[PDB]
Structure formats: structure tokens, C-alpha cells
Amino acid sequence: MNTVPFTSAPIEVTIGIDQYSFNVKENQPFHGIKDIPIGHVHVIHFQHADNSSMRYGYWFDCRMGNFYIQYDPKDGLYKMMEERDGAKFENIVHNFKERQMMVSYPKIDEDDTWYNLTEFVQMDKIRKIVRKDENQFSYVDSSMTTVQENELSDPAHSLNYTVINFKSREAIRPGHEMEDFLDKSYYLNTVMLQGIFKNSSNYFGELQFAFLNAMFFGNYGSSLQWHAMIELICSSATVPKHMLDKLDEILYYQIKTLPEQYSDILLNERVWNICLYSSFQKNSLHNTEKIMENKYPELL
Amino acid sequence: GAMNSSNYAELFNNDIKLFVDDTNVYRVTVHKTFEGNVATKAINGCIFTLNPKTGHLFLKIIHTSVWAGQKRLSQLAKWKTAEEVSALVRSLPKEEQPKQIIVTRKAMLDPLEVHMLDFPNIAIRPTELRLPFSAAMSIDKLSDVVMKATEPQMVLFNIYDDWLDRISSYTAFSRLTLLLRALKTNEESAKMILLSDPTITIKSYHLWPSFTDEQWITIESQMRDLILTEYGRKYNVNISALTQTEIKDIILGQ
Ligand SMILES: CCCS(=O)(=O)Nc1cc(N)c(F)cc1F
Ligand SMILES: CCCS(=O)(=O)Nc1cc(N)c(F)cc1F
Ligand SMILES: CCCS(=O)(=O)Nc1cc(N)c(F)cc1F
């Protein structure tokens with residue numbers, strides 16, 4: 001079980017670790033998060049108490065190195081940093097644990113929520129979507145734009161999601177205009193799955209990563225990407241049976257986890273109505289349709 | 001964006017544009033079967049593609065053979081329209097290609113945008129104008145060429161005959177829309193007004209009669225009264241009580 005120590009907490013902040021969060025007071029003796037499950041990516045995230053537009057965080061995997069958080073009073077944020085001296089790191093963590101100044105990653109033993117939300121998400125794929133190759137962890141925030149959003153400004157600070165555009169030459173074979181527009185099977189299976197993602201696992205990885213960035217940071221372009229990747233499957237007549245069964249599970253846990261009070265901003269009425277009620281796959285997402293109908297029946 | 005009353009002069013500027021009307025592409029007669037069920041029988045249709053500045057009409061005849069063994073014909077009709085418009089643009093020299101295509105029905109936007117992905121600089125626009133282009137099949141010579149077709153065919157007309165020798169494209173378009181509005185509201189009456197006088201004929205190479213400038217004023221007045229008379233017959237309104245501001249608005253309103 002791994003540990004992300006903190007140097008200090010000089011400014012009052014809500015700290016998120018995956019789906020959990022807690023309030024830390026200005027100069028409270030907080031020195032970090034222990035008992036973080038090995039085997040999954042994690043996200044530590046922040047919202048300053050004095051400025052709620054400061055909403056940002058770090059994707060990391062404790063198997064890849066020893067990471068800590070230190071507030072930078074110049075740039076005015078909690079920064080992730082890698083400690084390359086193993087023995088120093090272990091000595092620092094040991095002191096903070098002994099003096100019990102760390103919160104415990106509060107995982108219920110029965111609870112597979114985080115696994116279910118991150119099943120296909122890999123740190124190496126995150127680092128291709130978020131380019132900063134000198135760090136093993138990836139910074140995201142509420143305002144970062146997508147490559148697609150920047151086509152329709154700063155290219156170094158963008159989310160490099162796979163561009164999906166239903167009215168593009170990539171999506172439509174010359175001579176198959178009506179066929180390819182009304183049945184997106186070609187675009188899903190040949191262009192995206194076989195061509196770009198190589199397999200459904202990388203496609204689901206990017207879909208789950210887009211959802212999590214939408215939910216944890218309110219990142220608008222991530223929300224667009226999550227819905228585009230859902231609509232591309234639901235609008236395809238020919239999808240492998242395993243992919244549909246897996247999509248239903250993925251979406252079920254995403255809808256389960258979504259805070260009720262953010263449904264109005266994080267869910268697109270047109271996409272969900274089309275996907276559950278009009279699309280080729282309208283009868284293929286049993287679990288997702290039942291939780292959507294019981295939790296968000298106004299949206300539909 | 002959307003072509004409306006506000007941006008109406010844009011039709012007669014020097015940027016090449018085409019209107020596309022798909023109303024007459026898929027046409028059926030509904031009839032009873034021997035078993036007392038209902039069946040459709042398709043008849044020949046046409047795409048109405050018009051340069052409102054020049055009067056040039058690209059009438060693509062849609063032969064019933066197009067529909068043989070196809071399903072969802074009302075949806076296919078939009079995609080076949082977009083395919084034929086796309087083929088027409090690709091057939092024109094670059095300097096004759098339109099800069100904009102205005103579709104009379106919003107359902108044509110996606111089919112045409114997808115067929116025109118090769119032409120990113122051609123704007124595909126809807127209109128807020130309720131244009132009476134469905135009444136094209138009330139023009140005897142256009143009806144005649146569509147119904148006689150035995151195969152897919154493109155036929156080229158000038159829907160303004162020689163009017164642009166004497167009037168602007170703005171006025172020519174207004175005359176065309178008034179004639180088509182009248183034909184659409186009361187075809188028999190409209191035809192009676194146009195063809196009553198045996199002395200005024202249609203040249204072999206024209207669609208409409210050879211009216212003098214004064215005779216066109218009388219005709220246009222008779223067409224406006226027909227539209228008013230029918231709006232009176234329709235809504236049970238005394239058209240005597242109507243003012244000139246009341247009259248003007250109900251014709252435009254349409
Ligand atoms: C007390 C010394 C360590 S610290 O300055 O509080 N913060 C810190 C510093 C390093 N280098 C680390 F790997 C972990 C840490 F928590
Ligand atoms: C040789 C075209 C004759 S026409 O039908 O009278 N007028 C005309 C019609 C079309 N459609 C055109 F592109 C050019 C034209 F001059
Ligand atoms: C667009 C049809 C033009 S029109 O034949 O001139 N109709 C018309 C006729 C009159 N008298 C008017 F005041 C306004 C109009 F629009």
C-alpha cells in the first residue's frame with residue numbers, strides 16, 4: 001500500500017483522492033494520504049477554498065515512482081513532484097505515519113467502484129493524452145482544452161484525445177455517404193478500433209479517462225469526448241458482443257458514481273435519449289438503461 | 001447561417017449560389033390493393049436546382065427505377081438528392097461551382113453536407129423563406145419532360161425565359177415566386193389567368209407566355225388577387241374589408 005506524503009497544507013483546500021474527498025484547513029498539520037491501493041491509476045485533485053476556479057490534479061501510479069505534493073507559493077498551487085532518493089522518501093513517510101498526520105485511503109473491502117471506473121485506464125495511455133514527458137504523473141485542470149476544441153489555443157497544455165467527427169472524411173467513405181452516416185460501423189471498427197486504438201481496451205481506456213476528467217475537474221472537452229465515444233458505439237449496427245456487454249458495465253458504474261446534483265451539466269440529453277431509445281444499441285445496454293431510468297428520469 | 005427576409009438581396013449578388021428543392025424527388029399515388037390494403041406506386045420525380053441570379057434550372061429527372069428494391073424511400077430521397085447535387089457541382093468547371101447551396105428543407109442539410117465534404121468552401125445553408133418550388137410540377141413543360149422520362153436525365157431550362165433582358169434578377173425572382181405561389185394555391189385558376197388569352201403564346205424555347213411589360217403587370221395583379229381570393233375562401237375572411245397593408249403582408253407572410 002503506497003503513500004503520497006505532503007510537505008504541508010499552507011492554504012485551505014478540498015483534497016480529492018479518486019472518488020473520495022476531505023477538507024484541509026489553512027496550516028492544518030496534514031502530511032498526506034497513506035494505504036493507496038497498488039494496481040490502479042489514481043488521481044489526487046484540489047479545489048482551493050478561497051478560489052473554486054482553482055480545480056486541478058495529478059494522475060499517477062505509485063508503481064512508477066515515489067511522488068509527494070508540495071505547495072508552490074509562487075504558482076499558487078499544490079504540485080506533484082517525484083523523489084528519486086528511495087531511502088529519504090521512505091524515512092520521511094515513516095516519520096509522518098508514526099506521528100499519524102496522514103489520512104487513510106478509505107477503501108471498503110466489498111467496494112469495486114474504483115476498479116470499475118479505471119478498468120482499462122493505463123498511465124502510459126494517459127501520458128500520450130497529456131504530454132509532459134519529463135514527469136511520470138499527468139496534470140489536468142478544469143480549463144484545459146482538447147485538440148478538437150482548439151481546431152474549432154496553447155498546444156503544450158491540451159488534452160490530446162482521439163478526434164471523433166461524424167461529418168468528416170475520416171468518418172465517411174466516398175460512395176458510402178448515407179451508409180456510413182446512418183451506420184457508423186465502418187468508422188468504429190475499421191478507422192477507430194483496427195486503425196487508431198488497435199483494440200477495444202485502449203478505446204474503453206480513453207472513454208473512462210474522458211469521463212473521469214469531466215467528473216473530477218468539470219472539464220467540458222472531456223465531457224464532449226466521453227459522449228462522442230458512447231455515441232460512436234451506439235450509432236454502429238455492427239459491434240462485437242463483448243464490447244457491448246463491457247460498455248453496459250462501464251456506463252453503469254459511471255452513472256452510479258456521478259453526483260446527482262451535477263447530472264444537469266455532465267449528461268447530454270440528446271446523446272443519452274438517442275443511445276438508449278433510438279440507436280442500433282437501444283436494447284443492448286440493460287444495466288445502463290435501468291440505472292438511468294431510476295436515477296435521472298427527468299433527463300430522458 | 002439561415003437565409004431570411006433580412007439577407008434577401010444576397011440572392012442577387014455576384015457569388016454563385018443554388019437553391020435545392022427536394023419536394024418532388026419522391027412522388028407516389030396511394031391506392032387500394034385487391035385485398036383492401038393500401039399500396040403506393042411511385043411516379044417520376046425531379047430535383048429542382050435553381051441559380052436565382054441567372055434563372056438557370058438544373059432539373060435532374062428521378063426515374064421510378066431509382067427506387068426499385070430500396071427501403072425507407074422518403075429517407076433515401078434526401079440522400080439521392082444530395083448525391084445528384086454533389087455530382088452536378090463536380091460536373092461544373094471550378095469558376096461555375098456555387099459558393100453556397102441553400103436547401104428549401106432542413107432535412108437536406110446533413111445529407112448534402114456529408115456528400116459535399118470534398119468541398120469545404122461551399123456553404124450549405126437552410127432558409128427561413130417558405131418558397132413555392134413544389135409547384136414546379138405545375139409548369140406544363142417541366143411536368144411533361146418528367147412524366148415522359150424512361151431513364152435518369154438532366155434537362156436544363158431558364159426559368160425566367162428572356163425576362164432578364166428587361167428586368168433585374170430581384171424582380172424576375174419575385175415574379176417567379178408569385179407565379180409559383182399562385183399555381184400552388186389554385187393551379188386551375190393560375191393556369192386560366194396565364195393561358196386565357198389565345199393571342200399571347202409561349203415560345204417553343206420558353207416556359208411562360210410572351211407577356212408585354214404592361215400585360216405582366218395585369219397578370220401579376222390577377223395572381224395577387226387569386227392568392228387573396230383563396231386565402232379568403234380558406235379562412236372564411238371577407239377580403240373586401242382588407243386594406244393594402246393587410247393584402248401586402250398575407251402574400252409575403254406566405
Ligand atoms: C520534512 C522533510 C520532508 S518535507 O519537506 O516535509 N516534504 C517531503 C519532501 C520530500 N523530498 C519527499 F520525498 C517527501 C516529502 F513529504
Ligand atoms: C444551354 C443552356 C440553355 S438554358 O436552359 O436556356 N439556360 C441555362 C440553363 C442552365 N441550367 C445553365 F447552367 C445554363 C443555361 F444557359
Ligand atoms: C415577391 C412577390 C412580389 S410582388 O408580386 O410584387 N408582390 C407584392 C405586391 C405588392 N403590391 C406589394 F406592395 C408587395 C408585394 F410583395
# chains A, B, ... in the order shown; residues from 1 in each chain; ligands from 1
call {"tool": "residues_around", "arguments": {"residues": "range 18-34 of chain A", "least_positions_apart": "5", "cutoff": "7 Å", "atoms": "only C-alpha atoms", "output": "VMD selection string"}}
result
chain A and resid 2 to 13 42 to 44 96 101 to 105
call {"tool": "interface_residues", "arguments": {"of": "chain B", "to": "chain A", "cutoff": "12 Å", "atoms": "only C-alpha atoms", "output": "ChimeraX atom specification"}}
result
/B:75-83,86-87,109-120
call {"tool": "write_last_selection", "arguments": {"atoms": "N, CA, C and O atoms", "output": "PDB file, in the first residue's frame"}}
result
ATOM      1  N   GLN B  75     -36.418   8.702 -46.791  1.00  0.00           N
ATOM      2  CA  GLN B  75     -35.039   8.974 -46.297  1.00  0.00           C
ATOM      3  C   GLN B  75     -34.046   8.819 -47.459  1.00  0.00           C
ATOM      4  O   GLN B  75     -33.139   9.663 -47.635  1.00  0.00           O
ATOM      5  N   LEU B  76     -34.192   7.775 -48.267  1.00  0.00           N
ATOM      6  CA  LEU B  76     -33.266   7.600 -49.408  1.00  0.00           C
ATOM      7  C   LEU B  76     -33.332   8.808 -50.350  1.00  0.00           C
ATOM      8  O   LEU B  76     -32.302   9.166 -50.915  1.00  0.00           O
ATOM      9  N   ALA B  77     -34.511   9.371 -50.545  1.00  0.00           N
ATOM     10  CA  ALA B  77     -34.777  10.501 -51.449  1.00  0.00           C
ATOM     11  C   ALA B  77     -33.894  11.698 -51.083  1.00  0.00           C
ATOM     12  O   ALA B  77     -33.323  12.331 -52.010  1.00  0.00           O
ATOM     13  N   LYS B  78     -33.684  11.936 -49.799  1.00  0.00           N
ATOM     14  CA  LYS B  78     -32.813  13.066 -49.382  1.00  0.00           C
ATOM     15  C   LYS B  78     -31.368  12.772 -49.777  1.00  0.00           C
ATOM     16  O   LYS B  78     -30.678  13.687 -50.266  1.00  0.00           O
ATOM     17  N   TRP B  79     -30.891  11.561 -49.510  1.00  0.00           N
ATOM     18  CA  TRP B  79     -29.523  11.136 -49.855  1.00  0.00           C
ATOM     19  C   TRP B  79     -29.308  11.080 -51.369  1.00  0.00           C
ATOM     20  O   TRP B  79     -28.221  11.511 -51.814  1.00  0.00           O
ATOM     21  N   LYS B  80     -30.270  10.575 -52.156  1.00  0.00           N
ATOM     22  CA  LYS B  80     -30.170  10.589 -53.643  1.00  0.00           C
ATOM     23  C   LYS B  80     -30.118  12.056 -54.159  1.00  0.00           C
ATOM     24  O   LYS B  80     -29.289  12.366 -55.026  1.00  0.00           O
ATOM     25  N   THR B  81     -30.900  12.949 -53.571  1.00  0.00           N
ATOM     26  CA  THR B  81     -30.868  14.401 -53.896  1.00  0.00           C
ATOM     27  C   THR B  81     -29.456  14.924 -53.644  1.00  0.00           C
ATOM     28  O   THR B  81     -28.842  15.555 -54.582  1.00  0.00           O
ATOM     29  N   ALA B  82     -28.918  14.680 -52.441  1.00  0.00           N
ATOM     30  CA  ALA B  82     -27.558  15.150 -52.089  1.00  0.00           C
ATOM     31  C   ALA B  82     -26.528  14.546 -53.058  1.00  0.00           C
ATOM     32  O   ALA B  82     -25.625  15.276 -53.447  1.00  0.00           O
ATOM     33  N   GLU B  83     -26.591  13.248 -53.364  1.00  0.00           N
ATOM     34  CA  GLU B  83     -25.684  12.602 -54.334  1.00  0.00           C
ATOM     35  C   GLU B  83     -25.729  13.317 -55.700  1.00  0.00           C
ATOM     36  O   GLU B  83     -24.685  13.567 -56.296  1.00  0.00           O
ATOM     37  N   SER B  86     -24.259  16.909 -55.590  1.00  0.00           N
ATOM     38  CA  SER B  86     -22.791  16.725 -55.470  1.00  0.00           C
ATOM     39  C   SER B  86     -22.199  16.384 -56.844  1.00  0.00           C
ATOM     40  O   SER B  86     -21.190  17.002 -57.227  1.00  0.00           O
ATOM     41  N   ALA B  87     -22.817  15.441 -57.562  1.00  0.00           N
ATOM     42  CA  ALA B  87     -22.388  15.052 -58.934  1.00  0.00           C
ATOM     43  C   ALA B  87     -22.482  16.276 -59.866  1.00  0.00           C
ATOM     44  O   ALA B  87     -21.561  16.518 -60.658  1.00  0.00           O
ATOM     45  N   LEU B 109     -30.008  19.215 -45.003  1.00  0.00           N
ATOM     46  CA  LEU B 109     -28.694  19.801 -44.588  1.00  0.00           C
ATOM     47  C   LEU B 109     -27.655  18.704 -44.379  1.00  0.00           C
ATOM     48  O   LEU B 109     -26.561  18.801 -44.962  1.00  0.00           O
ATOM     49  N   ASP B 110     -27.946  17.694 -43.571  1.00  0.00           N
ATOM     50  CA  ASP B 110     -26.900  16.693 -43.245  1.00  0.00           C
ATOM     51  C   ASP B 110     -26.564  15.877 -44.483  1.00  0.00           C
ATOM     52  O   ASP B 110     -25.402  15.657 -44.765  1.00  0.00           O
ATOM     53  N   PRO B 111     -27.555  15.379 -45.245  1.00  0.00           N
ATOM     54  CA  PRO B 111     -27.249  14.587 -46.427  1.00  0.00           C
ATOM     55  C   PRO B 111     -26.355  15.378 -47.398  1.00  0.00           C
ATOM     56  O   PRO B 111     -25.396  14.838 -47.926  1.00  0.00           O
ATOM     57  N   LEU B 112     -26.660  16.653 -47.634  1.00  0.00           N
ATOM     58  CA  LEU B 112     -25.852  17.468 -48.572  1.00  0.00           C
ATOM     59  C   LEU B 112     -24.472  17.776 -47.970  1.00  0.00           C
ATOM     60  O   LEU B 112     -23.458  17.603 -48.701  1.00  0.00           O
ATOM     61  N   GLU B 113     -24.382  18.128 -46.687  1.00  0.00           N
ATOM     62  CA  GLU B 113     -23.035  18.405 -46.077  1.00  0.00           C
ATOM     63  C   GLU B 113     -22.123  17.178 -46.179  1.00  0.00           C
ATOM     64  O   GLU B 113     -20.909  17.300 -46.509  1.00  0.00           O
ATOM     65  N   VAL B 114     -22.677  15.992 -45.964  1.00  0.00           N
ATOM     66  CA  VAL B 114     -21.863  14.748 -45.973  1.00  0.00           C
ATOM     67  C   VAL B 114     -21.393  14.473 -47.405  1.00  0.00           C
ATOM     68  O   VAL B 114     -20.227  14.149 -47.597  1.00  0.00           O
ATOM     69  N   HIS B 115     -22.272  14.627 -48.410  1.00  0.00           N
ATOM     70  CA  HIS B 115     -21.905  14.449 -49.847  1.00  0.00           C
ATOM     71  C   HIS B 115     -20.939  15.538 -50.347  1.00  0.00           C
ATOM     72  O   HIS B 115     -20.254  15.305 -51.346  1.00  0.00           O
ATOM     73  N   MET B 116     -20.829  16.664 -49.658  1.00  0.00           N
ATOM     74  CA  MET B 116     -20.029  17.814 -50.132  1.00  0.00           C
ATOM     75  C   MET B 116     -18.798  17.980 -49.242  1.00  0.00           C
ATOM     76  O   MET B 116     -18.210  19.081 -49.269  1.00  0.00           O
ATOM     77  N   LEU B 117     -18.366  16.934 -48.510  1.00  0.00           N
ATOM     78  CA  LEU B 117     -17.187  17.053 -47.597  1.00  0.00           C
ATOM     79  C   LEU B 117     -15.936  17.419 -48.400  1.00  0.00           C
ATOM     80  O   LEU B 117     -15.048  18.078 -47.839  1.00  0.00           O
ATOM     81  N   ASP B 118     -15.868  16.975 -49.655  1.00  0.00           N
ATOM     82  CA  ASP B 118     -14.792  17.284 -50.643  1.00  0.00           C
ATOM     83  C   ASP B 118     -14.765  18.795 -50.955  1.00  0.00           C
ATOM     84  O   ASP B 118     -13.749  19.270 -51.465  1.00  0.00           O
ATOM     85  N   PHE B 119     -15.836  19.533 -50.656  1.00  0.00           N
ATOM     86  CA  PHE B 119     -15.968  20.985 -50.964  1.00  0.00           C
ATOM     87  C   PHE B 119     -16.151  21.808 -49.693  1.00  0.00           C
ATOM     88  O   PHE B 119     -17.231  22.371 -49.477  1.00  0.00           O
ATOM     89  N   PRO B 120     -15.129  21.900 -48.793  1.00  0.00           N
ATOM     90  CA  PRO B 120     -15.303  22.575 -47.507  1.00  0.00           C
ATOM     91  C   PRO B 120     -15.640  24.074 -47.625  1.00  0.00           C
ATOM     92  O   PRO B 120     -16.300  24.601 -46.744  1.00  0.00           O
TER      93      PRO B 120
END
call {"tool": "atom_distance", "arguments": {"atom1": "CA of residue 92 in chain A", "atom2": "atom 4 (S, counted along the ligand's line) of ligand 1"}}
result
7.0 Å
call {"tool": "residues_near_ligand", "arguments": {"ligand": "ligand 3", "cutoff": "8 Å", "atoms": "only C-alpha atoms and all ligand atoms", "output": "list in words"}}
result
residues 171, 173, 174, 175, 177, 178, 220, 221, 224, 244, 245, 247, 248, 249, 251 and 252 of chain B
call {"tool": "write_last_selection", "arguments": {"atoms": "N, CA and C atoms", "output": "mmCIF file, in the first residue's frame"}}
result
data_model
loop_
_atom_site.group_PDB
_atom_site.id
_atom_site.type_symbol
_atom_site.label_atom_id
_atom_site.label_comp_id
_atom_site.auth_asym_id
_atom_site.auth_seq_id
_atom_site.Cartn_x
_atom_site.Cartn_y
_atom_site.Cartn_z
ATOM 1 N N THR B 171 -36.450 41.318 -59.390
ATOM 2 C CA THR B 171 -37.831 41.375 -59.930
ATOM 3 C C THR B 171 -38.199 40.030 -60.568
ATOM 4 N N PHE B 173 -37.108 36.996 -59.887
ATOM 5 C CA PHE B 173 -37.333 36.041 -58.788
ATOM 6 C C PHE B 173 -38.677 36.301 -58.128
ATOM 7 N N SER B 174 -39.040 37.573 -57.907
ATOM 8 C CA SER B 174 -40.333 37.948 -57.271
ATOM 9 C C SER B 174 -41.481 37.456 -58.155
ATOM 10 N N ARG B 175 -41.375 37.699 -59.466
ATOM 11 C CA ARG B 175 -42.396 37.257 -60.455
ATOM 12 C C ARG B 175 -42.491 35.731 -60.388
ATOM 13 N N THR B 177 -41.666 33.567 -57.959
ATOM 14 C CA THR B 177 -42.257 33.136 -56.662
ATOM 15 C C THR B 177 -43.753 33.472 -56.658
ATOM 16 N N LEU B 178 -44.173 34.633 -57.161
ATOM 17 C CA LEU B 178 -45.627 34.948 -57.208
ATOM 18 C C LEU B 178 -46.356 33.937 -58.113
ATOM 19 N N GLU B 220 -49.687 39.802 -62.923
ATOM 20 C CA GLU B 220 -49.168 39.795 -61.533
ATOM 21 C C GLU B 220 -50.272 40.238 -60.567
ATOM 22 N N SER B 221 -51.076 41.233 -60.967
ATOM 23 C CA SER B 221 -52.255 41.708 -60.199
ATOM 24 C C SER B 221 -53.265 40.565 -60.069
ATOM 25 N N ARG B 224 -51.961 37.995 -57.552
ATOM 26 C CA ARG B 224 -52.106 38.539 -56.177
ATOM 27 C C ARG B 224 -53.567 38.401 -55.720
ATOM 28 N N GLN B 244 -54.583 47.614 -47.965
ATOM 29 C CA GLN B 244 -53.430 47.338 -48.864
ATOM 30 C C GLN B 244 -52.235 46.841 -48.033
ATOM 31 N N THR B 245 -52.071 47.325 -46.799
ATOM 32 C CA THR B 245 -51.063 46.821 -45.830
ATOM 33 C C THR B 245 -51.457 45.402 -45.401
ATOM 34 N N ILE B 247 -53.269 43.248 -47.259
ATOM 35 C CA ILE B 247 -53.077 42.454 -48.514
ATOM 36 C C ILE B 247 -51.580 42.132 -48.713
ATOM 37 N N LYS B 248 -50.707 43.149 -48.757
ATOM 38 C CA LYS B 248 -49.221 43.030 -48.932
ATOM 39 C C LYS B 248 -48.667 41.890 -48.060
ATOM 40 N N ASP B 249 -49.048 41.890 -46.775
ATOM 41 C CA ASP B 249 -48.478 41.055 -45.683
ATOM 42 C C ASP B 249 -48.836 39.575 -45.895
ATOM 43 N N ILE B 251 -49.484 37.896 -48.645
ATOM 44 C CA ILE B 251 -48.726 37.370 -49.830
ATOM 45 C C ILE B 251 -47.273 37.078 -49.414
ATOM 46 N N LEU B 252 -46.605 38.063 -48.805
ATOM 47 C CA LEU B 252 -45.257 37.891 -48.200
ATOM 48 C C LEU B 252 -45.333 36.825 -47.105
#
call {"tool": "residues_near_ligand", "arguments": {"ligand": "ligand 2", "cutoff": "8 Å", "atoms": "only C-alpha atoms and all ligand atoms", "output": "list in words"}}
result
residues 50, 51, 54, 55, 56, 57, 58, 59, 155, 156, 157, 158, 161 and 205 of chain B
call {"tool": "select_by_dssp", "arguments": {"residues": "range 75-125 of chain A", "states": "strand (DSSP E)", "output": "list in words"}}
result
residues 77, 78, 79, 80, 81, 82, 83, 103 and 104 of chain A
call {"tool": "atom_distance", "arguments": {"atom1": "CA of residue 180 in chain B", "atom2": "CA of residue 132 in chain B"}}
result
5.6 Å
call {"tool": "select_by_dssp", "arguments": {"residues": "range 93-151 of chain A", "states": "alpha helix (DSSP H)", "output": "list in words"}}
result
residues 93, 94, 95, 96, 97, 98, 113, 114, 115, 116, 117, 118, 123, 124, 125, 126, 127, 128, 129, 147, 148, 149, 150 and 151 of chain A
call {"tool": "residues_around", "arguments": {"residues": "residue 290 in chain A", "least_positions_apart": "6", "cutoff": "12 Å", "atoms": "only C-alpha atoms", "output": "JSON, numbers by chain"}}
result
{"A": [248, 249, 251, 252, 255, 256, 276, 283, 284, 296, 297, 300]}
call {"tool": "residues_around", "arguments": {"residues": "residue 67 in chain B", "least_positions_apart": "5", "cutoff": "12 Å", "atoms": "only C-alpha atoms", "output": "VMD selection string"}}
result
chain B and resid 25 to 28 40 to 45 62 72 to 77 80 152
call {"tool": "closest_residue", "arguments": {"among": "A:193, A:64, A:129, A:147", "to": "residue 213 in chain A", "atoms": "only C-alpha atoms"}}
result
A:129
call {"tool": "residues_around", "arguments": {"residues": "residue 220 in chain A", "least_positions_apart": "3", "cutoff": "8 Å", "atoms": "only C-alpha atoms", "output": "MDAnalysis selection string"}}
result
chainID A and resid 142:143 214 223:224
call {"tool": "atom_distance", "arguments": {"atom1": "CA of residue 107 in chain A", "atom2": "CA of residue 1 in chain A"}}
result
11.6 Å
